[PDB]
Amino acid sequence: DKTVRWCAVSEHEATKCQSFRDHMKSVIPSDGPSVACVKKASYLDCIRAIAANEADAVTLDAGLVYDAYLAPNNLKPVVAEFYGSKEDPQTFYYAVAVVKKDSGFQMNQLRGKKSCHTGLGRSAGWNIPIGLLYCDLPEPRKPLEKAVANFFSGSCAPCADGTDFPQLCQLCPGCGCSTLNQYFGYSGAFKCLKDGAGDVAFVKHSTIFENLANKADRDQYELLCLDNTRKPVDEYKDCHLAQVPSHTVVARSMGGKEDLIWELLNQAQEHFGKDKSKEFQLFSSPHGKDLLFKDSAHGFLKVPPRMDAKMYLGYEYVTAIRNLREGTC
């Protein structure tokens, strides 16, 4: 029955957030939940802000959910996105490696190629791919960024430190950590491949379909499978790197307004969910892709009482992330 300060990362999400606020004002009764928009430069500033009681919520890729839980932030997942459809809700998605047809190389031949990542620490764009190549990277493997920059002959790893790891922003100077960087996120990583800046793009299964509407254009891209073979992009179920947890909304563990967050999102998905309204769309926008929430999401599911980041992500996934920051071969 009160205000939820949503954290928007940069200008594009801020605009979508303002529209979200305005439309909710015209559908929700005077005594219903409302939205306020707090603009920050990166997802990292959003995490600090929430922990500092400057904002209340933000949606994060699962990989980033782990960081959010560590002290002194101690945020917890309260609401998760679900994909697929309302009839068959999927609380996970597939991480894939997209390349152009006949580029002439397999998964075990990535050394020296140029890579495009959605962002440092994210599930599909970093943790899965780098987790699988870990023992392929040259030594020392510490720091991780260092060895990654030496494996590929140039890449775009948004949010990485370009001062110490220049090679990680060769394809996107500055390694901007928001949509101001044309190569940020799923669709940014895809564009990086499409434009020809990189040789491979680590994204999710729906990315190409979200960007190329003619099957004729998609037939010019393939997927790299673990068994060093290539398959068409429609065959991701038989050619993916891993299954990762859906993105989730995080909030403070104390005075986190988790009840209001859910009330707001549940009502938001009622009035503005998929195909629900002509005035405003929660899972789409003319100002960009994957703003505030992923375009591929179909709705929200409440997370069980007091579930911590570790239990939510699962031991397996949480294992991989640890093995990446410590890792041995």
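In case it trips you up, residue 1 is the first one in the sequence shown, and so on.
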| property | result |
| --- | --- |
| 81-89 set against 243-251, stretch whose average Cα temperature factor tops the other in the entry | 81-89 |
| Higher-B stretch (mean Cα B-factor, as the entry records it), 170-178 or 107-115 | 107-115 |
| Residue selected from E258, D199, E210, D136 by maximal Cα B factor | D136 |
| Most elevated Cα B-factor in the entry, residues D295, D61, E263, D31 | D31 |
| Within-chain third of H287 by Cα B-factor, per the entry | middle |
| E13 by Cα B-factor - lowest, middle or highest third of the modelled chain | lowest |
| Chain-relative CA temperature factor third for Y236 | middle |
| Third of the chain's Cα B-factor distribution that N150 belongs to, per the entry | highest |
| Chain-relative CA temperature factor third for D56 | lowest |
